[PDB]
């Protein structure tokens, strides 16, 4: 995932950051303090950005034509996933964070299926 290439990839990197995004949104719903809201927004922005980066890496570096051919909806899936994370940045609703996680879960399954080949 470092572009050497190293041969090491794991959608878990994207998932873990995305889990932080939703976790932060849930915390924002339990505390309306101004400074907490500012910090939560700043940090959620950072973790969502990292999640997008990890997904972009899988898309650009790991997945190759045969994968996009075998899984015709993969390009759309990853693009919807990163767009879902962008939506999560602009929202405090945990549902947006979950939407991203729903897509990431699918990418993870596809990833491991391709690993068996």
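Numbering follows the first chain given and starts at 1.
- Taking the mean C-alpha B-factor of each stretch as recorded, 25-33 and 74-82 are not equal, and the higher mean is that of 25-33.
- Among the modelled residues of its chain, residue 89 has a C-alpha B-factor that falls in the middle third according to the deposited record.
- Ranked within its chain, residue 95 lands in the highest third, by CA B factor from the PDB record.
- Sort the chain's modelled residues by C-alpha temperature factor and residue 102 lands in the middle third, per the entry.
- For residue 39, the recorded CA B-factor ranks within the middle third of the chain. Only modelled residues enter the ranking.
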